[PDB]
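So the structure is just underneath, and the comments pick up after that.
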Amino acid sequence: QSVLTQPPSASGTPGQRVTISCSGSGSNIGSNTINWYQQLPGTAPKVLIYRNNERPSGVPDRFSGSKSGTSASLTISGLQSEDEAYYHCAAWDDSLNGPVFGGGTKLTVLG
Amino acid sequence: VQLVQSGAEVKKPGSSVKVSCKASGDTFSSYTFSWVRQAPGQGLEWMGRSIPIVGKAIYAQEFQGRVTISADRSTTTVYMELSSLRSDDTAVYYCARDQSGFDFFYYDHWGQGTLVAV
Amino acid sequence: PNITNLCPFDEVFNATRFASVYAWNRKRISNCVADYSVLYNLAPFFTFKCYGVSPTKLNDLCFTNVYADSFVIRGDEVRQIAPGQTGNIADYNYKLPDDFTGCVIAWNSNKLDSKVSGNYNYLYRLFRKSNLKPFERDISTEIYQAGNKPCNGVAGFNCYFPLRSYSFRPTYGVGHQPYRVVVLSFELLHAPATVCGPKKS
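Chains as they are written, first to last, in PDB author numbering: chain L, 1 to 111; chain H, 2 to 119; chain E, 330 to 530.
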């Protein structure tokens, strides 16, 4: 629904390196950094990463975020079975002077 | 931080919503506060932002006027008022606290909101 | 001339947070030995003017008592901090007397003070009945009744909130960016000296 397009679903097996990409337009994502967020099922969603390169306190470290112009990619190594959740990308859209959020992905951790 | 809000309640189309969010454990006024709704199991999209220091507020251009946001510094609280509800507004609402107003880090401290069904 | 003591100018000029113009946190320093070479040699000072004494012979002077007051402002009104100058910031929040003897330092700080969401920690008042006496704080948030109509409680028309906030985000151009402003006020040798720079030989 937003400028930041996003595939609907993603899959990952244990011990598998998986990659998820979020892209938009050069008006907002080509000139501003990207934050990534985790909608964990059923209750309050939690932050994943800000500025694509540094993480908050207490969060694990296997997440690896990177930015290349339009495309921001998060890579997960050693994915665990409790990580099945929505993953979202957000950025401060400067055209509308407000935050804009991605479509979201269903990360499914197959047993 | 310690964020709380009102409980979940169900309404009918054509009604109005008064909903409230409270923050404790920090200085309420110094931080601005954002309101974002999300349909159950759907995508995320921002609604508005409010300024406890002044009271000036900004809303989504697609939803100007029909919604309103208020803040109080003496009681240290923020409120939405929603008008002209419909089935499109069946969603959970989240009051987020900005830790830093910079691209380096923003929009982290953030609560569990209230679900609304119309 | 040893020299022995020191004074924390890195406490003020490198402070991570500054108060806004309505409640500027004046700090009085005494029993110091301050070197301005670490100050002046810094690169990004785009505005360094002084009035009472020349900025060259500062290191060979003694000061009776020094007040350093720091805050942030918009670039457009940086020229308004001059003594006797009028306008908005130099009339309703913080103004300097004509007999001012210290001097000011203003520069651009978009590294940290700039906020992509705008200024919602700082602000600058617009409404006040009387022009404030120089170097006087003002923290009261009494609602300024604009017209003849008295009013308390909430806002309205003829009833306005006395506070307005800036918005310092990177899209704002030069003069609209967060310019830190510090002011040193002192009396030039009319009392026993407690702070003097490194008396050089």
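Ideal Cβ positions, reconstructed from N, Cα and C, are used throughout, including at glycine.
Check, Outcome
"Among H:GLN100, H:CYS96, H:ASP104, the one whose alpha carbon lies nearest that of residue 120 of chain H", "Residue coverage of chain H in this structure runs from 2 to 119, which leaves residue 120 of chain H outside it and unanswerable."
"Sequence-distant residues of the same chain with beta carbon closer than 7 Å to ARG62 of chain L, five excluded per side", "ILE76, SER77, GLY78"
"Per-residue DSSP class, three states only, for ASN388 of chain E", "helix"
"Sufficient close CB pairs (3 or more, under 8 Å) joining the stretch 479-486 of chain E to the stretch 385-392 of chain E", "no"
"Proximity test, Cβ basis, 8 Å: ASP93 of chain L and chain E", "no"
"Straight-line gap, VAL503 of chain E to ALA85 of chain L (C-alpha atoms, nearest Å)", "44 Å"
"Pairwise C-alpha distance: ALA363 of chain E and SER530 of chain E", "17 Å"
"Beta-carbon proximity of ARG357 of chain E to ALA435 of chain E, cut-off 8 Å", "no"
"Rounded C-alpha distance that separates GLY413 of chain E from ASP428 of chain E", "9 Å"
"Interface flag, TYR107 of chain H vs chain L, CB-CB below 8 Å", "yes"
"Span separating the alpha-carbon of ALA118 of chain H from that of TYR351 of chain E", "45 Å"
"For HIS88 of chain L and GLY30 of chain L, the rounded distance between their alpha carbons", "18 Å"
"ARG466 of chain E beta carbon less than 8 Å from that of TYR421 of chain E", "no"
"Rounded separation between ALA24 of chain H and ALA58 of chain H - CA only", "18 Å"
"Interface residues of chain L facing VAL510 of chain E [CB-CB closer than 8 Å]", "None at all; the shortest Cβ gap to chain L is about 27 Å."
"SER11 of chain L Cβ short of 7 Å to the ligand NAP heavy atom set", "With respect to the ligand NAP, the structure offers nothing, as it holds no ligand at all."
"Within-8 Å CB hit, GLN65 of chain H to chain L", "no"
"Inter-residue spacing [alpha-carbon to alpha-carbon] between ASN334 of chain E and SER366 of chain E", "16 Å"
"Residues in the stretch 22-51 of chain H having any Cβ partner in chain L nearer than 9 Å", "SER35, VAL37, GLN39, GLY42, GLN43, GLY44, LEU45, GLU46, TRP47, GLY49, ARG50"
"Three-pair Cβ contact test at 8 Å for the stretch 102-112 of chain H versus the stretch 438-448 of chain E", "yes"
"Interface residues of chain H facing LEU492 of chain E [CB-CB closer than 8 Å]", "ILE54, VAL55"
"Residue-chain proximity (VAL350 of chain E, chain H), Cβ-Cβ < 8 Å", "no"
"Candidates H:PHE106, H:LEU83, H:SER88: closest to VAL37 of chain H by CA position", "H:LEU83"
"Limits of the alpha helix (DSSP H) - the one that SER21 of chain L falls within", "That residue, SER21 of chain L, is in no alpha helix (DSSP H); its beta strand (DSSP E) goes 18-23."
"Contact set between the stretch 46-60 of chain L and chain H, restricted to residues whose Cβ is under 9 Å from the partner", "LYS46, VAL47, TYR50, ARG51, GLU54, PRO56"
"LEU110 of chain L and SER11 of chain L closer than 8 Å at C-beta", "yes"
"Test item: CB-CB of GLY24 of chain L and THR5 of chain L under 8 Å", "yes"
"Partners in chain L for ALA61 of chain H, counting only beta-carbon separations shorter than 9 Å", "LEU96, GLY98"
"Rounded C-alpha distance that separates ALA520 of chain E from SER349 of chain E", "32 Å"
"Partners in chain L for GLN113 of chain H, counting only beta-carbon separations shorter than 8 Å", "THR43, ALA44"
"Buried or exposed (CB count within 10 angstroms, at least 16 for buried), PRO53 of chain H", "buried"
"Neighbour flag for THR345 of chain E against chain L, beta carbons, 8 Å", "no"
"Residue-chain proximity (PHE63 of chain L, chain H), Cβ-Cβ < 8 Å", "no"
"Three CB pairs or more closer than 8 Å across the stretch 7-23 of chain H and the stretch 50-61 of chain L", "no"
"Neighbourhood of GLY404 of chain E by C-beta, 8 Å cutoff - its chain only, sequence neighbours within 5 removed", "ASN437, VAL503, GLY504, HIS505, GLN506, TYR508"
"Under 8 Å by beta carbon: chain H residues contacting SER2 of chain L", "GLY44, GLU46"
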